[PDB]
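There are 4 protein chains.
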Amino acid sequence: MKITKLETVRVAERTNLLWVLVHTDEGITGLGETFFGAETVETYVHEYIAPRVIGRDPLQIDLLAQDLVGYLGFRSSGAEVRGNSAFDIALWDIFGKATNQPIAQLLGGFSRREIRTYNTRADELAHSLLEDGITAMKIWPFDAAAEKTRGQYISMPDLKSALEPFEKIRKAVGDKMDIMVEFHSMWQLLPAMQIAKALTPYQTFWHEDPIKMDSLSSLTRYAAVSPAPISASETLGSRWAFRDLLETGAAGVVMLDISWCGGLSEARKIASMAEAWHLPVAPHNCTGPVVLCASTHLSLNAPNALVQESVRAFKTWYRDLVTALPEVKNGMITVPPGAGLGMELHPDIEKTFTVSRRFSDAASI
Amino acid sequence: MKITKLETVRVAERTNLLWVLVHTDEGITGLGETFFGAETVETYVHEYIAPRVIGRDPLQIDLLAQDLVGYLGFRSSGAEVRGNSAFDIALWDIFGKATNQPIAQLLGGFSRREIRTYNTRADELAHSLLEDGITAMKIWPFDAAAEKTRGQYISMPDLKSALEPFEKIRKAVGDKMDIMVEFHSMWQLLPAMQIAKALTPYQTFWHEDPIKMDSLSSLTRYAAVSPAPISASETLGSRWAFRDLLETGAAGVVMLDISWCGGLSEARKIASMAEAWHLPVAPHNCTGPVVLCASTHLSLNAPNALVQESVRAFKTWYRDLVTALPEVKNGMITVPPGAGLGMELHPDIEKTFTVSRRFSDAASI
Amino acid sequence: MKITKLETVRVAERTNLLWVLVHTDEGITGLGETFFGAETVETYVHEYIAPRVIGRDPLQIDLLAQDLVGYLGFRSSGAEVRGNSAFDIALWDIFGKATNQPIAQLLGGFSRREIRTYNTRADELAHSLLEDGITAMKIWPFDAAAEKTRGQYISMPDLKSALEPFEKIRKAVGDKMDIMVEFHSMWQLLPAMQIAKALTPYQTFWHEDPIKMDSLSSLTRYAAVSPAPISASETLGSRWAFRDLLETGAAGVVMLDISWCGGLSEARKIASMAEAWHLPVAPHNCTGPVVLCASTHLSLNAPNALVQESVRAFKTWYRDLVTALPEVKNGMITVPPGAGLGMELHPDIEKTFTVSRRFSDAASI
Amino acid sequence: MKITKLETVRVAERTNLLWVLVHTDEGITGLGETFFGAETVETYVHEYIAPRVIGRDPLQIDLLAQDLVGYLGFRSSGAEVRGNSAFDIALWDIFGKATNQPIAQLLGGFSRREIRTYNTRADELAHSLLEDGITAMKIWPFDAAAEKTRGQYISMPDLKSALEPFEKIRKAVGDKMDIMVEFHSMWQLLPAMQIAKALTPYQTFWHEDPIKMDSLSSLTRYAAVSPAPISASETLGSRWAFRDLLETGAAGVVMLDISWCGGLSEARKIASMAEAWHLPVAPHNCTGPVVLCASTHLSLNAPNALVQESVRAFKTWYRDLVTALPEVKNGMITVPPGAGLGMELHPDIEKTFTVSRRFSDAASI
Ligand code: NA
Ligand code: NA
Ligand code: NA
Ligand code: NA
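Protein chains in written order, with the deposited numbering: chain B, 1 to 120, 155 to 348, 350 to 400; chain E, 1 to 120, 155 to 348, 350 to 400; chain H, 1 to 120, 155 to 348, 350 to 400; chain U, 1 to 120, 155 to 348, 350 to 400.
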């Protein structure tokens with residue numbers, strides 16, 4: 001088969017989201033998704049991807065991924081990579097539909113049928163999660179302090195205040211809850227290390243993006259004092275960035291976002307390489323439903339997948356965007372049934388959302 | 001003063017080019033430029049930069065550069081960075097106009113008044163250049179072979195064929211011409227090293243982008259066998275990428291493109307850091323006239339600027356786009372006179388080009 | 001314009017201070033300053049700087065800095081460098097006056113309008163500072179013990195005695211005060227590490243110049259045991275010394291003195307390079323008013339400036356030496372208004388001080 | 001005994017020279033010397049050294065060296081260190097006179113009675163030297179090219195021209211002459227390595243100060259390609275700088291100047307440490323006669339002294356400055372006879388030179 005059209009879809013109600021639909025002459029349409037800079041990525045899909053892929057065989061997935069690597073903007077989570085990644089997800093969906101297989105099967109099989117999830155006042159929240167069988171939660175109580183000083187400095191009173199949610203969670207549920215800490219890359223090295231040390235009494239599970247992930251060698255000093263492994267990083271793109279991370283000797287939980295890192299194609303290879311380093315992988319969600327779903331496929335396949343992040347009670352607009360969703364039961368998530376992703380865009384989404392679409396085909400490129 | 005409008009300009013005749021014009025309430029308009037993915041970068045300028053900078057003081061240059069660093073797409077030459085870089089150039093133009101000073105002065109002064117240039155059959159070309167006082171030339175005769183095998187392999191006969199231009203240049207002008215070799219990041223490590231060794235008899239001046247610049251530690255092995263220093267890399271963005279390059283112990287000629295690396299703001303800091311490593315800087319051109327001009331300002335200021343690349347006889352469409360150009364005399368280039376860049380977009384460019392413009396202001400953001 | 005005269009000024013009441021005034025044919029006079037060995041540095045200004053700079057264009061700042069680097073005495077805080085640094089400050093003052101811009105603007109803009117300051155019995159002092167909005171203080175209670183043994187040894191009873199101010203401060207104000215520790219490079223490595231470990235219970239903010247800064251690789255062992263980052267070092271000169279510091283992997287707070295390190299010219303480049311390492315900069319004061327002022331300009335520009343040290347109630352002789360001073364309000368310091376530094380030597384200082392002046396011009400060199 | 005007066009002496013005919021005379025209550029006067037910035041160093045001797053040493057026992061040499069190390073300006077060849085070094089030489093002269101022993105004896109004995117020397155058109159010069167028994171010569175034919183580009187670049191034709199003296203020497207005397215190459219720290223790293231490689235066919239003996247000695251880690255890359263050992267460096271001061279040099283793994287011939295590095299006190303310790311690394315020492319001369327003499331004492335003592343540089347036919352003004360000189364016979368140099376240095380300032384030097392003197396004593400400090 002051959003790719004005939006590239007379609008992009010946006011909704012005014014959720015301006016960070018972009019869907020990319022890859023149409024074929026066989027009528028198999030693949031669905032992909034990415035997040036942030038949706039207008040910019042959309043322009044890129046039509047300016048750059050379309051002229052390179054219309055007429056091409058979508059089943060040559062590794063080749064198409066190679067063919068879209070830019071002279072500029074590679075090894076990053078920039079707009080070009082986000083567009084390439086959404087496109088790659090759509091190819092995996094096509095491949096699944098063409099073979100009548102779920103994506104997890106095409107990756108190498110369902111190594112597990114479900115995987116533990118985690119979700120993002156604190157003590158009450160922890161209690162509610164536990165009773166629903168969720169035993170990990172991620173919080174980011176240092177972000178407000180970071181904004182005050184652009185991450186250069188944290189006063190001891192502000193540090194003490196930011197530690198209070200940890201105290202409250204531990205008082206409420208003790209050791210029954212893993213507590214992940216998100217820092218959103220907002221700190222410079224010295225206050226990051228100061229905060230890391232201060233977190234010691236709370237038995238934190240991971241410290242995610244404690245500093246900006248731009249010169250990774252800085253992580254060695256952080257790892258020297260941190261009481262929890264570094265979780266890094268949804269902000270990094272391509273297996274080459276993850277080689278660089280592994281080469282630091284400081285890598286911990288290997289985080290990635292399939293829509294920001296080069297697609298399922300790069301993500302699957304990052305995962306198997308992390309396993310070579312005896313490390314786990316934890317694919318990022320809480321963005322769109324397609325990324326959650328495709329990430330869940332990856333997490334069911336990769337033997338070293340540790341947890342699959344998800345949205346609490348994702350009763351949300353997710354169910355209005357797509358035809359089916361991954362299901363969570365007793366703190367475990369699994370894929371919707373069926374070939375490819377196991378989901379399509381919801382019929383007439385124009386009834387619920389303010390939809391805009393753009394198309395490229397042989398005549399427009 | 002305050003920024004009032006962001007204007008982007010494209011021309012159908014030169015689809016890789018984008019101009020960004022920053023208007024102020026004082027009527028001082030700054031001009032910036034970048035290259036590649038012009039539609040994508042344009043969308044980004046209006047989607048992301050405009051809402052963050054309308055109403056802001058353009059003279060807080062370092063602060064505005066910081067404020068535009070993305071959560072994603074940083075430390076790269078991707079679309080976001082290219083837009084940020086064009087914007088930064090425009091701020092330096094405003095600052096120069098506001099102070100009645102050329103950009104080179106605002107960077108720390110004219111350390112030189114002009115700088116040697118270089119240009120990109156071979157033997158005849160070399161002869162012509164020399165007689166015009168140009169004593170360096172850059173060629174890329176391995177690109178055809180790279181395309182054949184996606185850079186995995188080069189046959190010895192194809193290697194021998196690609197060496198012929200070097201033979202012809204040396205036979206023609208001997209040692210009077212520096213020969214730079216461009217590889218456009220098209221080779222994997224092993225054939226890159228094979229080619230490097232084979233170039234030994236020709237006394238090459240630098241080997242530019244011999245491999246992809248995505249995991250820089252690979253450069254240490256290349257430097258171990260290369261008879262010429264590594265020139266790296268117009269494809270890298272932000273001072274953090276250049277820290278990573280310097281940390282390899284393999285850095286040579288430090289190359290950057292001001293419109294791809296974070297603007298004059300990042301470039302000036304990359305240059306002074308390269309000097310700390312006893313290395314030179316060589317800003318990239320042959321793209322648009324504004325980048326050539328702003329790069330020349332940087333090259334006149336930075337004590338470690340080695341050469342400033344330029345277009346042979348840039350009698351080209353350059354003179355139709357802008358009001359003045361850098362001048363080359365006896366193989367040396369200098370800036371056009373005046374405050375800021377010393378150039379503006381040519382009046383009624385709509386007469387020569389097919390122009391499209393887009394604007395953001397307080398009402399549109 | 002051209003430099004016409006170099007003037008040095010000393011006052012008998014403050015024998016460590018030296019002012020350097022750079023006169024021009026346009027009548028714009030730049031003011032610079034340095035500290036320690038004022039007679040020696042004065043001799044150097046006239047012996048070495050004057051014959052090299054009379055007749056030169058003062059706006060070529062980077063070039064003049066390069067032209068004054070010595071064959072001997074470079075990469076240091078010695079007399080030649082101190083003279084060069086005072087001269088460099090005066091050039092920045094001229095450049096500001098010529099452009100009607102504050103120095104902070106010429107560095108790249110006011111990234112902030114004010115910056116937190118810090119000052120140098156203990157418990158009462160801490161209380162007074164806090165109520166004036168000052169939340170950091172620096173003390174050096176180990177210096178007496180160091181003098182006793184030339185830094186080779188500290189007895190446990192003497193160590194316990196030197197810890198008492200920390201106890202008293204913490205008992206008084208708890209965690210509300212950052213406590214910086216100054217060691218004045220007075221200790222050898224082993225007792226420095228012993229002291230560092232002993233300081234752990236007091237949550238110190240930084241450990242400044244814990245050992246002599248002459249073979250920087252020794253800092254790696256110190257950093258391995260220190261509960262606070264190393265602050266280093268006002269005693270180091272030129273960006274090359276700071277490269278060496280960064281290369282140790284032990285760098286923390288990057289300290290410099292603009293009048294000891296190569297001027298604003300070297301300092302600005304040191305700052306941007308420290309930022310590449312995710313580290314902050316903290317310019318040294320408590321010397322003369324011009325250094326305090328020029329340092330404040332640097333601290334308002336550099337995005338990674340952490341704090342700007344100042345003199346408590348600098350009601351001192353500072354106000355008799357110069358026409359205006361940086362102002363402190365609620366623990367934050369900012370520059371005096373106006374172009375360049377925003378200050379000149381006070382008119383007829385001969386009324387308050389015992390002034391000596393020496394001049395060089397075209398006829399004397 | 002106790003130091004009673006410090007006397008400095010300059011002569012208008014040789015403005016780079018400074019003598020320091022240390023008078024004692026026993027009437028034993030020690031003579032020291034340094035070179036460059038004579039007025040500046042003189043001011044320092046009286047401003048800083050005098051108040052610290054008048055009344056002190058001159059025989060506590062190691063202690064006095066320690067007591068003069070500055071808070072600033074240490075680990076350098078700056079003015080303070082040059083003054084300290086001249087003072088230290090004078091102390092060794094006093095110690096020799098007090099004990100009726102030559103300095104070489106007080107260092108640990110005459111390990112040799114004489115040592116090979118070297119001197120600084156080329157082919158004729160080489161011939162003349164050989165016939166006088168001198169079998170090493172040092173030249174600096176790249177300095178002119180360095181000045182043209184501030185050491186950033188050398189054209190291949192200029193490189194070829196600078197190689198001609200090597201060709202001429204080798205054609206004249208073949209392998210009978212060691213050829214040392216001096217670079218005076220004038221080159222950046224890349225052209226330094228280019229030049230080093232080009233020197234391969236000429237069997238050079240050492241490559242002295244090929245780059246600036248400010249961040250020594252750069253030397254590792256130079257040593258990787260150089261066909262001759264690095265000679266480094268008369269520009270470095272104190273044993274701590276030489277530790278840093280040795281730690282690079284690139285050290286070769288260890289060069290020092292006793293009047294620039296901390297005196298005979300630092301120099302003797304640098305020498306024994308170089309021997310621990312299996313490396314030789316080569317003390318710098320061609321400055322003043324006292325430095326030549328004291329260096330010769332060091333070279334007769336240190337088992338790893340390789341050669342002692344000297345002035346060709348030093350029939351020069353040397354014999355008018357001092358009472359006796361080291362003697363060269365058949366290419367070997369030895370000390371003048373007698374205690375201490377074996378020389379004093381020539382009686383009534385005021386008859387031959389335009390002499391200026393300054394004194395400090397108990398009443399002036
Ligand atoms: Na995250
Ligand atoms: Na290139
Ligand atoms: Na200090
Ligand atoms: Na020399």
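Ideal Cβ placement from N, Cα and C applies to all residues, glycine included.
Using 10 angstroms around the beta-carbon of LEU63 of chain U, count the other beta-carbons present and answer buried if the total reaches 16, otherwise exposed. exposed
Beta carbon of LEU380 of chain B, beta carbon of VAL357 of chain B: below 9 angstroms? Between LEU380 of chain B and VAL357 of chain B, the C-beta gap is smaller than 9 angstroms, which places the two residues in contact.
Does chain H have any CB closer than 9 angstroms to the CB of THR43 of chain U? Residue-level contact by beta carbon holds for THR43 of chain U and chain H, with a gap shorter than 9 angstroms.
By Cβ distance below 6 angstroms, which residues in the same chain neighbour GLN186 of chain U in space, the five residues on each side in sequence not counted? Hits under 6 angstroms: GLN222.
Does the Cβ-Cβ distance between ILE245 of chain U and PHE217 of chain U come in under 9 angstroms? Between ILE245 of chain U and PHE217 of chain U, the gap from beta carbon to beta carbon is short of 9 angstroms.
Within 10 angstroms of its Cβ, does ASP93 of chain E collect 16 or more other Cβ (buried), or is it exposed? buried
Distance between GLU33 of chain U and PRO361 of chain U (C-alpha atoms, nearest Å): 15 angstroms
State the beta-bridge partners of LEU18 of chain H as determined by DSSP. H:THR34
Measure from the C-beta of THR4 of chain B to each C-beta in chain E and report whether the shortest distance is under 9 angstroms. By this cut-off, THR4 of chain B is not an interface position.
In chain order, what residues of the same chain have a beta carbon less than 6 angstroms from the beta carbon of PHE110 of chain H, not counting five sequence neighbours either side? Around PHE110 of chain H: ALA104 and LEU334.
Mapping the DSSP letters down to three states, classify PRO51 of chain H as helix, strand or coil. helix
Residue from E:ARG116, E:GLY286, E:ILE61 and E:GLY27 whose Cα sits closest to the Cα of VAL341 of chain E: Checked all of E:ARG116, E:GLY286, E:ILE61 and E:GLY27; the closest Cα to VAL341 of chain E is E:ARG116.
Spatial neighbours of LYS5 of chain U in its chain, beta-carbon cut-off 7 angstroms, leaving aside the 5 residues before and after: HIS23, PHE394, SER395 and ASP396
Taking just the CA atoms, how far does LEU59 of chain B sit from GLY96 of chain B? 10 angstroms
Can you list the residues of chain H that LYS194 of chain B reaches, using a CB-CB cut of under 9 angstroms? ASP209
Buried or exposed by the 16-neighbour rule on C-beta atoms within 10 Å, applied to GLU13 of chain U: Sixteen is the threshold: since fewer than 16 other Cβ atoms of the shown chains lie within 10 Å of the Cβ of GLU13 of chain U, the residue is exposed.
Return no unless some Cβ of chain U is closer than 9 angstroms to the Cβ of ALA79 of chain H. So yes, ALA79 of chain H belongs to the interface.
At a CB-CB cut-off below 9 angstroms, which residues of chain H make contact with residue 349 of chain E? Because chain E is numbered from 348 directly to 350, the model contains no atoms for residue 349 of chain E.
With respect to 8 angstroms, is the separation between the Cβ of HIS161 of chain H and the closest non-hydrogen atom of ligand 4 below this value? Flag unset: Cβ of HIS161 of chain H not near ligand 4.
Under 9 angstroms, Cβ to Cβ, is there at least one residue of chain U near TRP240 of chain H? no
Here's the rule I'm using: 16 or more other beta-carbon atoms within 10 Å means buried, otherwise exposed. How should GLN101 of chain E be labelled? So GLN101 of chain E ends up on the buried side.
Simplified DSSP state of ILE173 of chain H, which is helix, strand or coil: strand
Alpha carbon of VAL69 of chain E to alpha carbon of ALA65 of chain B, nearest angstrom: 27 angstroms
Give every residue of the same chain whose Cβ lies closer than 7 angstroms to the Cβ of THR254 of chain H, excluding the five residues on either side of it in the sequence, and list them in chain order. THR282, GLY283 and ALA284
Closest to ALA206 of chain H by CA distance: which of H:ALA232, H:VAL215, H:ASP243 and H:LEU159 is it? Taking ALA206 of chain H as reference, the option from H:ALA232, H:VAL215, H:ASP243 and H:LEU159 with the minimal CA-CA separation is H:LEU159.
Do the stretch 368 to 385 of chain E and the stretch 179 to 194 of chain E make contact, defined as three or more Cβ pairs closer than 8 angstroms? no
Taking 9 angstroms as the CB-CB cut-off, is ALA310 of chain H touching chain B? yes
Please check if any C-beta of chain B sits within less than 9 angstroms of the C-beta of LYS303 of chain E. no
Going by other Cβ atoms of all chains shown within 10 Å of its Cβ, with 16 needed for buried, is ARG75 of chain H buried or exposed? buried
Is there a Cβ from chain E that is less than 9 angstroms from the Cβ of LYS182 of chain U? no
9 angstroms Cβ cutoff, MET307 of chain H in contact with chain E: yes
Check whether the Cβ atoms of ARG354 of chain E and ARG10 of chain E lie closer than 9 angstroms to each other. no
Quick check on the DSSP output: the beta strand (DSSP E) that includes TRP294 of chain E runs from which residue to which? Where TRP294 of chain E is concerned, there is no enclosing beta strand (DSSP E), given that its DSSP letter is neither H nor E.
DSSP-derived helix/strand/coil call for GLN342 of chain E: strand
Write down the C-beta distance between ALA232 of chain E and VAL259 of chain E rounded to the nearest angstrom, noting that I regard them as a contact closer than 8 angstroms. Incorrect: roughly 11 angstroms between the Cβ atoms, too far for contact.
Tell me whether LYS246 of chain E sits in a helix, a strand or coil according to DSSP, three-state version. coil
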